[PDB]
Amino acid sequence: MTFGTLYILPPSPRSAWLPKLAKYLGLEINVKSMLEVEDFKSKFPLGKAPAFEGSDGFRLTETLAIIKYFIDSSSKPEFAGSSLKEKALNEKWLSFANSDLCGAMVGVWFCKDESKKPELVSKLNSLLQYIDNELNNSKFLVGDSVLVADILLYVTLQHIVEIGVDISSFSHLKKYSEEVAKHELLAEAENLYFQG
């Protein structure tokens, strides 16, 4: 049965993160648009997506909050890491990717004005260069295992690429992005069964 209802802003490419994560974890959720709900602000007074309402009525906002609730409510409750340092670095990457990197991708994504684009694409490239460099040291963002940070990074990459930003310049990043797509595929059978 369904874990809850997620309210998104459909035009935003940030709308993909939480649905993907539910899927990855086997949580069945509805997804509605906050634009077409009558009293969004009755339930959610700030008026911003993402917003979630559990089946049980539990109301929750802020992307990082909802990530934690999905994971903690799921059958991979250790998916934001196990050791103290793992958990911390995963928070780091989640916070970074959701604010800075997604903020940059969205800047470009909705760029109407060509006199503003290069500046915006530049912010984005620097952020990618940083990640690339951090991927010098490690197999994935945090270590050797795949954590929720990677899943959501990967989704962000797909969006960045879709709009034609070369990930070709960034060596460690492309190799990363392949290794993550590979882990999900190989993890997919056992994941897909332990939720049915």
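When you see a residue number, it is the position in the sequence shown, counting from 1.
When the Cα temperature factors in the entry are averaged, is it 165-173 or 43-51 that ends up higher?
Looking at the record's C-alpha B-factors, the answer is 165-173.
Quick check on the record: does 85-93 or 115-123 carry the larger mean Cα temperature factor?
Averaging CA B-factors over each stretch, the winner is 115-123.
Per the coordinate record, which of the options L135, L153, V31, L27 holds the highest CA temperature factor?
Among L135, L153, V31, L27, the PDB entry lists the largest C-alpha B-factor for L135.
From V148, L35, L128, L64, can you pick the one with the highest C-alpha B factor in the entry?
So the option with the highest C-alpha B-factor is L35.
Check where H159 lands among this chain's C-alpha B-factors and tell me if it's the lowest, middle or highest third.
Middle third by C-alpha B-factor.
Divide the modelled residues of the chain into thirds by Cα B-factor and specify which third, lowest, middle or highest, holds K139.
Highest third.
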